[PDB]
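Take a look at this single chain in structure tokens; it is the form deposited in one PDB entry.
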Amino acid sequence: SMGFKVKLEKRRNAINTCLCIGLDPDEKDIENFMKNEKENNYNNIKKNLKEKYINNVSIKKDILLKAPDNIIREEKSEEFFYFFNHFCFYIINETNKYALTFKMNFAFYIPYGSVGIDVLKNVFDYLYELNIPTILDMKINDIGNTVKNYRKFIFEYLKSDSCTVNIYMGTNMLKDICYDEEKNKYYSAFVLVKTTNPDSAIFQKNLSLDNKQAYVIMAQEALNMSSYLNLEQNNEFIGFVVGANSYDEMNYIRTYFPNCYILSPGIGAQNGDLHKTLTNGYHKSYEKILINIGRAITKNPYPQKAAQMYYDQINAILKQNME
């Protein structure tokens, strides 16, 4: 019942970081988990089985609760489901004490068909039980009638706190993403502003209007719609995705939108500079500058230590900025 602004602030006060852990498991990660767990006699899956909230997931709980040794031989058709889900629970278990937010990119959960969407639901239920803020990164975009399906999937089925949105088609789509008039519900989102891909300048910087580059125009229009929807008063927000390799744009966005929520991917695997990113994007309410780190944690041999490393680096920078 509390809005996302309030939930995020409360979590930030409890754990004192702005680390956002990205959970994007690829086929190799799942294969590697099954191989490593076969070698270490299922050390991590055995730990997963001891956690309280595994008893609360809603999809194929009985399969997940089985011993790894029983699955491989007598439930071959559930093997991929089992190891995929257990990899996700392992990462969450190892790293959640350091996380302000988890962000799950939908692309990683769909390419096997339905099975990965069951895993995704179980992941969102598990995070909900742990009371950890969630972002579903799906970069959704469509006309209003179609996009309402994503509002349902993301905010009703998964019970996500927030999602990502590409508003290139227009900003009117957000009326059917961030607001449900019949249910009188408000939801939060981050819109794409400046992205990490190497050619991101080709439309985001080269296109312009009124002496302002497209990324600035798009950030303004997203805030105009947030204001139209009265999201702030309802404890929700529309924020911006700004790449952690995009230092000038991060500085421009925080300078011209000093109150905005920013989500910043690109540190670690994509080699963004954490110091410049967090400094340029800084806000004393530092839930407003989420630093997403995916592969540098999930592909590290010791994800707890990887998360700790980034938690420590971030906190040192926040301390410097708090002066």
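Note that the rigid core is defined as the largest set of C-alphas that superpose within 1.5 Å between two forms. Residues carry their position along the shown sequence, with the first being 1.
Missing here is the form deposited in another entry; even so, the following discussion is about that form.
- Summarising the superposition on the core between this form and the one not shown, the listed residues 117, 201, 223, 130 contain exactly one with a Cα shift of 2 Å or larger, 201.
- The rigid-core alignment places the CA of residue 212 2 Å or more apart between this form and the one not shown.
- Relative to this form, in the other form the C-alpha atoms of residue 109 and residue 196 separate from one another by 3 angstroms or more.
- Whereas the shown form places them at one spacing, the Cα atoms of residue 211 and residue 265 lie at least 3 Å closer in the other form.
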